[PDB]
file run_26.cif (mmCIF, C-alpha atoms (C1' of nucleotides))
data_start
loop_
_atom_site.group_PDB
_atom_site.id
_atom_site.type_symbol
_atom_site.label_atom_id
_atom_site.label_comp_id
_atom_site.auth_asym_id
_atom_site.auth_seq_id
_atom_site.Cartn_x
_atom_site.Cartn_y
_atom_site.Cartn_z
ATOM 1 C CA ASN A 565 -6.818 -21.840 72.089
ATOM 2 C CA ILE A 566 -3.400 -23.327 72.922
ATOM 3 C CA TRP A 567 -4.596 -26.816 73.847
ATOM 4 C CA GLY A 568 -7.204 -26.748 71.081
ATOM 5 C CA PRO A 569 -6.485 -28.160 67.632
ATOM 6 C CA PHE A 570 -5.080 -25.820 64.986
ATOM 7 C CA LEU A 571 -5.390 -26.415 61.237
ATOM 8 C CA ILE A 572 -2.843 -24.509 59.134
ATOM 9 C CA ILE A 573 -3.295 -24.416 55.354
ATOM 10 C CA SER A 574 0.044 -24.236 53.539
ATOM 11 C CA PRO A 575 1.310 -25.379 50.133
ATOM 12 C CA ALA A 576 2.834 -28.798 49.577
ATOM 13 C CA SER A 577 6.167 -27.214 48.621
ATOM 14 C CA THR A 578 6.249 -25.036 51.761
ATOM 15 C CA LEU A 579 5.133 -27.848 54.092
ATOM 16 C CA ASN A 580 8.716 -29.011 54.648
ATOM 17 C CA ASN A 581 9.902 -25.420 55.123
ATOM 18 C CA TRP A 582 7.172 -24.815 57.709
ATOM 19 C CA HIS A 583 8.037 -28.132 59.382
ATOM 20 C CA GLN A 584 11.740 -27.279 59.648
ATOM 21 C CA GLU A 585 11.069 -23.682 60.709
ATOM 22 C CA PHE A 586 8.473 -24.939 63.199
ATOM 23 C CA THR A 587 10.806 -27.609 64.590
ATOM 24 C CA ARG A 588 13.693 -25.149 64.949
ATOM 25 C CA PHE A 589 11.235 -22.488 66.166
ATOM 26 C CA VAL A 590 9.184 -24.266 68.851
ATOM 27 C CA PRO A 591 10.687 -27.716 69.562
ATOM 28 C CA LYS A 592 8.238 -28.244 72.447
ATOM 29 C CA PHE A 593 5.318 -28.400 69.972
ATOM 30 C CA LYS A 594 4.733 -31.436 67.766
ATOM 31 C CA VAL A 595 4.534 -30.928 63.996
ATOM 32 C CA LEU A 596 2.326 -33.481 62.210
ATOM 33 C CA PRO A 597 1.413 -32.428 58.656
ATOM 34 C CA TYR A 598 -0.943 -34.255 56.293
ATOM 35 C CA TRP A 599 0.141 -35.493 52.857
ATOM 36 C CA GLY A 600 0.753 -38.674 50.889
ATOM 37 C CA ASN A 601 -1.677 -41.265 49.574
ATOM 38 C CA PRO A 602 -4.510 -43.370 51.084
ATOM 39 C CA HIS A 603 -1.917 -45.288 53.105
ATOM 40 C CA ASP A 604 -0.633 -42.069 54.681
ATOM 41 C CA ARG A 605 -4.281 -41.124 55.230
ATOM 42 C CA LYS A 606 -4.662 -44.408 57.121
ATOM 43 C CA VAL A 607 -1.582 -43.650 59.236
ATOM 44 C CA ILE A 608 -2.795 -40.106 59.917
ATOM 45 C CA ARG A 609 -6.233 -41.576 60.631
ATOM 46 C CA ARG A 610 -4.831 -44.074 63.142
ATOM 47 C CA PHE A 611 -2.654 -41.438 64.824
ATOM 48 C CA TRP A 612 -5.097 -38.508 64.681
ATOM 49 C CA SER A 613 -8.305 -40.539 65.113
ATOM 50 C "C1'" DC B 1 -39.810 8.792 23.714
ATOM 51 C "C1'" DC B 2 -36.005 6.305 21.272
ATOM 52 C "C1'" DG B 3 -31.213 5.282 20.180
ATOM 53 C "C1'" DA B 4 -26.290 5.370 21.325
ATOM 54 C "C1'" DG B 5 -22.809 3.997 24.456
ATOM 55 C "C1'" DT B 6 -20.408 2.854 28.670
ATOM 56 C "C1'" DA B 7 -20.144 -0.280 32.387
ATOM 57 C "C1'" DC B 8 -20.774 -4.542 34.776
ATOM 58 C "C1'" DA B 9 -21.532 -9.277 34.570
ATOM 59 C "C1'" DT B 10 -20.569 -13.588 32.625
ATOM 60 C "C1'" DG B 11 -18.936 -17.562 30.006
ATOM 61 C "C1'" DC B 12 -15.652 -20.145 27.476
ATOM 62 C "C1'" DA B 13 -10.953 -21.650 26.585
ATOM 63 C "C1'" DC B 14 -6.280 -22.522 27.810
ATOM 64 C "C1'" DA B 15 -2.599 -23.632 30.870
ATOM 65 C "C1'" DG B 16 -0.823 -25.179 35.362
ATOM 66 C "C1'" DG B 17 -0.704 -28.601 38.775
ATOM 67 C "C1'" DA B 18 -2.122 -32.506 41.601
ATOM 68 C "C1'" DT B 19 -3.265 -37.148 41.972
ATOM 69 C "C1'" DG B 20 -4.049 -41.765 40.044
ATOM 70 C "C1'" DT B 21 -1.850 -45.274 37.246
ATOM 71 C "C1'" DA B 22 1.473 -48.618 35.475
ATOM 72 C "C1'" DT B 23 5.688 -50.389 34.343
ATOM 73 C "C1'" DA B 24 10.683 -50.682 35.215
ATOM 74 C "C1'" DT B 25 13.864 -52.285 38.545
ATOM 75 C "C1'" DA B 26 16.064 -54.760 42.975
ATOM 76 C "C1'" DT B 27 16.632 -58.225 45.825
ATOM 77 C "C1'" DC B 28 16.714 -62.549 48.823
ATOM 78 C "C1'" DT B 29 14.337 -66.900 48.818
ATOM 79 C "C1'" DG B 30 11.336 -71.247 47.963
ATOM 80 C "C1'" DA B 31 11.747 -74.142 44.325
ATOM 81 C "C1'" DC B 32 12.905 -75.672 40.207
ATOM 82 C "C1'" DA B 33 17.277 -77.588 38.478
ATOM 83 C "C1'" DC B 34 21.184 -80.757 38.537
ATOM 84 C "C1'" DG B 35 24.522 -84.315 39.670
ATOM 85 C "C1'" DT B 36 25.786 -89.407 42.280
ATOM 86 C "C1'" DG B 37 24.979 -93.780 42.726
ATOM 87 C "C1'" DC B 38 20.718 -98.030 43.717
ATOM 88 C "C1'" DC B 39 18.112 -100.941 42.161
ATOM 89 C "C1'" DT B 40 13.914 -103.048 41.191
ATOM 90 C "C1'" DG B 41 10.337 -102.686 38.779
ATOM 91 C "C1'" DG B 42 10.038 -102.386 33.795
ATOM 92 C "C1'" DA B 43 11.170 -102.912 28.498
ATOM 93 C "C1'" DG B 44 12.459 -105.437 25.088
ATOM 94 C "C1'" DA B 45 14.443 -109.755 22.484
ATOM 95 C "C1'" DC B 46 13.816 -114.506 21.465
ATOM 96 C "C1'" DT B 47 11.088 -119.295 20.832
ATOM 97 C "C1'" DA B 48 6.750 -121.753 20.936
ATOM 98 C "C1'" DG B 49 1.612 -122.103 20.881
ATOM 99 C "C1'" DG B 50 -3.118 -120.439 20.286
ATOM 100 C "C1'" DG B 51 -7.004 -118.246 18.079
ATOM 101 C "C1'" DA B 52 -10.368 -115.244 16.349
ATOM 102 C "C1'" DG B 53 -11.660 -112.532 12.658
ATOM 103 C "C1'" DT B 54 -10.772 -111.623 7.459
ATOM 104 C "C1'" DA B 55 -12.510 -113.254 3.068
ATOM 105 C "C1'" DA B 56 -15.603 -115.430 -0.121
ATOM 106 C "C1'" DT B 57 -20.104 -117.096 -1.071
ATOM 107 C "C1'" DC B 58 -25.104 -117.201 -0.733
ATOM 108 C "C1'" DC B 59 -29.834 -117.553 1.196
ATOM 109 C "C1'" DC B 60 -33.324 -114.190 2.929
ATOM 110 C "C1'" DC B 61 -35.703 -110.282 4.810
ATOM 111 C "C1'" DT B 62 -36.021 -105.221 5.150
ATOM 112 C "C1'" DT B 63 -35.194 -101.146 2.368
ATOM 113 C "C1'" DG B 64 -36.369 -97.815 -1.493
ATOM 114 C "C1'" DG B 65 -39.433 -97.104 -5.055
ATOM 115 C "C1'" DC B 66 -44.595 -96.670 -7.486
ATOM 116 C "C1'" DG B 67 -49.893 -94.086 -7.284
ATOM 117 C "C1'" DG B 68 -54.090 -92.546 -4.259
ATOM 118 C "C1'" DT B 69 -56.691 -90.330 0.102
ATOM 119 C "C1'" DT B 70 -57.812 -87.412 2.862
ATOM 120 C "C1'" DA B 71 -55.614 -84.833 7.045
ATOM 121 C "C1'" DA B 72 -52.524 -81.398 8.322
ATOM 122 C "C1'" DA B 73 -49.705 -77.484 6.844
ATOM 123 C "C1'" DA B 74 -50.257 -72.871 5.192
#
call {"tool": "encode", "arguments": {"input": "run_26.cif", "output": "structure tokens"}}
result
Amino acid sequence: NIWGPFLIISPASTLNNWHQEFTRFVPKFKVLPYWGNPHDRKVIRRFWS
DNA sequence: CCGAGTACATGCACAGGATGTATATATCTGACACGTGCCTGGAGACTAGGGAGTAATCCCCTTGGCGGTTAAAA
């Protein structure tokens, strides 16, 4: 389950806190949340698709 | 066997929050905007000459106005 994808459901206000705590926690793992508008959905679609 | 009541289910209303929307603002840039002198094609003034249509008659057709008949409108 390490190499597999993991979807974490967190609030929009705690997304930055989980991103900072995840970056300072495990820097070897990439943190790529999902937020924004249709443009950010196109960027996340180009990167994650 | 029937009525009272307690419990569970449910539905509606209100408030929070997220996302879509639209305008307010910022900024560097193509383009309006503004001199600077050129000049040559225009724009007008000034004599002289032409000419066609306005104006007044007046002769002459083509309108606008009378009474019936059936044919089309109702």
call {"tool": "closest_residue", "arguments": {"input": "run_26.cif", "among": "A:584, A:578, A:565, A:601", "to": "chain B", "atoms": "all atoms listed in the file"}}
result
A:601
call {"tool": "interface_residues", "arguments": {"input": "run_26.cif", "of": "chain B", "to": "chain A", "cutoff": "12 Å", "atoms": "all atoms listed in the file", "output": "list in words"}}
result
residues 17, 18, 19 and 20 of chain B
call {"tool": "atom_distance", "arguments": {"input": "run_26.cif", "atom1": "atom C1' of residue 13 of chain B", "atom2": "atom CA of residue 574 of chain A"}}
result
29.2 Å
call {"tool": "atom_distance", "arguments": {"input": "run_26.cif", "atom1": "atom CA of residue 607 of chain A", "atom2": "atom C1' of residue 26 of chain B"}}
result
26.4 Å
call {"tool": "atom_distance", "arguments": {"input": "run_26.cif", "atom1": "atom CA of residue 585 of chain A", "atom2": "atom CA of residue 572 of chain A"}}
result
14.0 Å
call {"tool": "resolve_selection", "arguments": {"input": "run_26.cif", "expression": "the PyMOL selection byres ((chain A and resi 592-597) around 12)", "output": "ChimeraX atom specification"}}
result
/A:566-567,569-576,578-591,598-600,604-605,607-609,611-612
call {"tool": "write_last_selection", "arguments": {"input": "run_26.cif", "atoms": "C-alpha atoms", "output": "mmCIF file, keeping the file's coordinate frame"}}
result
data_model
loop_
_atom_site.group_PDB
_atom_site.id
_atom_site.type_symbol
_atom_site.label_atom_id
_atom_site.label_comp_id
_atom_site.auth_asym_id
_atom_site.auth_seq_id
_atom_site.Cartn_x
_atom_site.Cartn_y
_atom_site.Cartn_z
ATOM 1 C CA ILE A 566 -3.400 -23.327 72.922
ATOM 2 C CA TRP A 567 -4.596 -26.816 73.847
ATOM 3 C CA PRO A 569 -6.485 -28.160 67.632
ATOM 4 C CA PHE A 570 -5.080 -25.820 64.986
ATOM 5 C CA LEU A 571 -5.390 -26.415 61.237
ATOM 6 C CA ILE A 572 -2.843 -24.509 59.134
ATOM 7 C CA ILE A 573 -3.295 -24.416 55.354
ATOM 8 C CA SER A 574 0.044 -24.236 53.539
ATOM 9 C CA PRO A 575 1.310 -25.379 50.133
ATOM 10 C CA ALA A 576 2.834 -28.798 49.577
ATOM 11 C CA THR A 578 6.249 -25.036 51.761
ATOM 12 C CA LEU A 579 5.133 -27.848 54.092
ATOM 13 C CA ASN A 580 8.716 -29.011 54.648
ATOM 14 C CA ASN A 581 9.902 -25.420 55.123
ATOM 15 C CA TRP A 582 7.172 -24.815 57.709
ATOM 16 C CA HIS A 583 8.037 -28.132 59.382
ATOM 17 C CA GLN A 584 11.740 -27.279 59.648
ATOM 18 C CA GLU A 585 11.069 -23.682 60.709
ATOM 19 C CA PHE A 586 8.473 -24.939 63.199
ATOM 20 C CA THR A 587 10.806 -27.609 64.590
ATOM 21 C CA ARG A 588 13.693 -25.149 64.949
ATOM 22 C CA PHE A 589 11.235 -22.488 66.166
ATOM 23 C CA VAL A 590 9.184 -24.266 68.851
ATOM 24 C CA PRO A 591 10.687 -27.716 69.562
ATOM 25 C CA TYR A 598 -0.943 -34.255 56.293
ATOM 26 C CA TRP A 599 0.141 -35.493 52.857
ATOM 27 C CA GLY A 600 0.753 -38.674 50.889
ATOM 28 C CA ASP A 604 -0.633 -42.069 54.681
ATOM 29 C CA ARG A 605 -4.281 -41.124 55.230
ATOM 30 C CA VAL A 607 -1.582 -43.650 59.236
ATOM 31 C CA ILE A 608 -2.795 -40.106 59.917
ATOM 32 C CA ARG A 609 -6.233 -41.576 60.631
ATOM 33 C CA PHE A 611 -2.654 -41.438 64.824
ATOM 34 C CA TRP A 612 -5.097 -38.508 64.681
#
